[PDB]
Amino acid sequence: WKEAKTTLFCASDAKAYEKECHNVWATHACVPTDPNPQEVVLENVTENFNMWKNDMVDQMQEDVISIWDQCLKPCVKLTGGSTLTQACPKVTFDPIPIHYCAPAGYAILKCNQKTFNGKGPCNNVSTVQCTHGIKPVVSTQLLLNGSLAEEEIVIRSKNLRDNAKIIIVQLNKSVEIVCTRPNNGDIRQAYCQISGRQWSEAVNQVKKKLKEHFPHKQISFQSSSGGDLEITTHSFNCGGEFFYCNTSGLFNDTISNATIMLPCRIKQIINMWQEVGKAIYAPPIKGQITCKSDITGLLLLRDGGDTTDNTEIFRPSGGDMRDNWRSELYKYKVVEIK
């Protein structure tokens, strides 16, 4: 129909009785889900989508800031101007699926093209009230608990020729990953388990898809070049605790066809994504902390400058969580029906 920008509303299945933080935020923020939604296919039609200029992405970012403002309150928040102390309550933390919905007079177009690269024309289109359920999972390097590509791996970037612009990868087959900090030893020490055969195969498939976009070059995977730890490690939050995981064993040109162990630390001193600054959080809760997650996508950064061995080097990256939302919101735009 007609592209337009407005204020969408969120719907979720949060429960008023549930003490978990995503629920608590959503019960106020969001209305309930429609049990039977109406999707109207357009047969042959063409619309242009731009995942990189999508007002829906910017809305989820402001939303996830609002969630974390309530869930994850740090003991000390450091800003260049100031240092601040506040209450540090531990909380129950498990991301729950969020739907973003169009109000009256507006609709959300959904691209059904099975392998849309995300900026350009869409062949198959439908109109919906709401997006699918998107879990606001904050993470770097590996994209977790998201949606998979229907047909084949897709590579998405604002400018592939520009090395500085992040690469969002969508996988064909998800790979399981389990990170656990066992019950009490070093209470900050943790580990992650990955099937090397499954991850090694996943890598080749993305490497092969990458080679199509750089036909000249050979494709190398390597450990992060450097920067803030949030980015140089696979960083995420599990049960309110911030995990930082060594993915040197993941981004390697020679990967083990065996079970892979990644070392992790629970960190109290972190760099915020929400704003530039540093936060200090409370020491971990007691007991077993575990996350069994689905790796469904990647965030990569390609090395700049002249290639030494006619090799293009790609290293895990991240940091701007909007890209995380783009990995899910690429196929939607808001249009005002007339």
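When you see a residue number, it is the position in the sequence shown, counting from 1.
J.: Per the entry, how many residues of the deposited chain go unmodelled between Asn184 and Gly185: none, 1 to 3, 4 to 9, or 10 or more?
T.: The entry has a gap there, with 4 to 9 residues left out between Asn184 and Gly185.
J.: Comparing 145-153 with 209-217, where is the mean C-alpha B-factor higher?
T.: Going by the record's values, the stretch with the higher mean is 209-217.
J.: Once you work out the mean C-alpha B-factor for both 276-284 and 48-56 from the entry, which is higher?
T.: Result of the comparison: 48-56.
J.: Among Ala258, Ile266, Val169, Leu262, where is the Cα temperature factor highest, going by the PDB entry?
T.: Largest recorded C-alpha B-factor: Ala258.
J.: Please work out which residue in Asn204, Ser139, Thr180, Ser248 has the highest C-alpha B-factor recorded for this crystal structure.
T.: That would be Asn204, according to the entry.
J.: Split the chain's modelled residues into thirds by Cα B-factor; is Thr290 in the lowest, middle or highest one?
T.: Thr290: CA B-factor falls in the middle third of its chain.
J.: Looking at the entry's B-factor column for C-alpha atoms only, identify whether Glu241 ranks in the lowest, middle or highest third of its chain.
T.: Its C-alpha B-factor, which the entry lists for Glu241, ranks in the lowest third among residues of this chain.
J.: Please place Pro32 in the lowest, middle or highest third of its chain by C-alpha B factor as given in the entry.
T.: As the PDB entry reports it, the C-alpha B-factor of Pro32 lands in the lowest third of its chain.
J.: Quick one: classify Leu301 as lowest, middle or highest third of the chain based on its Cα B-factor.
T.: Its C-alpha B-factor belongs to the middle third of this chain's values.
J.: Would the CA B-factor of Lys110 place it in the lowest, middle or highest third of its chain?
T.: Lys110: CA B-factor falls in the middle third of its chain.
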